[PDB]
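Both ligands and their constituent atoms are indexed starting at 1 by order of listing. Worth knowing before you read on, the calculation uses all heavy atoms, side chains too, and leaves out hydrogens, waters and symmetry mates. We count residues from 1, following the sequence as given.
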Amino acid sequence: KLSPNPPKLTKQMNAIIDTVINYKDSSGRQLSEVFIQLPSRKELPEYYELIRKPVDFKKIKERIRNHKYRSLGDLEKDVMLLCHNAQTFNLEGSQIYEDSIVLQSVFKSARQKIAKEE
Ligand SMILES: O=c1nc2n(c3cccc(Cl)c13)-c1ccc(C3CCNCC3)cc1C21CCCCC1
Ligand SMILES: [Zn+2]
């Protein structure tokens, strides 16, 4: 039986992503900043050539709003993809690559705290 996303579920998804977006490291840097929006096609076409399924946090929020994720697992898949793409395009040890590893962890913590699924 297909059915709409319960408002409870949508609110959880938004709280989890807000936690990830709002996260600041110990120096006060908001790690999500560069990841909110993809590079433009014009300025970085090689990104769109190398990366099969580009995604940014703007698109993830839109997919929540449009009820494209049907589960926390769907949401996780897109956040993991975002981070995977970062680690695909960017060099090991770069700030962006390292940040993406932290954000994966922040996501997994936020999901545990906010959904309490265990
Ligand atoms: O993997 C990413 N990787 C990058 N960006 C991403 C944005 C959202 C999601 C992901 Cl997963 C990435 C991103 C965005 C904008 C610029 C800039 C914004 C300022 N003018 C030039 C393009 C750059 C980038 C890089 C690629 C180039 C090196 C830095 C990170
Ligand atoms: Zn891959």
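- Counting just the N/O/S atoms of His84, the one with the shortest distance to the Zn ion (ligand 2) is named NE2.
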Every pair of nitrogen or oxygen atoms between ligand 1 and the protein that is under 3.5 angstrom apart - can you list them with their distances to 0.1 Å?
residue: ligand 1; atom: 1 (O); partner: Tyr47; partner atom: OH; Å: 2.9
residue: ligand 1; atom: 1 (O); partner: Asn90; partner atom: ND2; Å: 3.3
residue: ligand 1; atom: 3 (N); partner: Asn90; partner atom: ND2; Å: 3.2
residue: ligand 1; atom: 20 (N); partner: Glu43; partner atom: OE1; Å: 3.3

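- The shortest distance between side-chain heavy atoms of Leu72 and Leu9 falls below 4.5 Å.
- Listed for the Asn85 side chain is no donor-acceptor partner under 3.5 Å among the backbone atoms of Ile51.
- Contact annotation: the side chain of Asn66 never approaches that of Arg63 to less than 4.5 Å [non-hydrogen atoms, C-beta and beyond].
- Between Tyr47 and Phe89, the ring planes are tilted. Angles from 30° to 60° get that label.
- Within 6.0 Å of CD in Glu92 there are 12 or fewer heavy atoms belonging to other residues, nucleotides or ligands.
- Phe35 is listed as a side-chain neighbour of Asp99, based on a closest heavy-atom distance under 4.5 Å.
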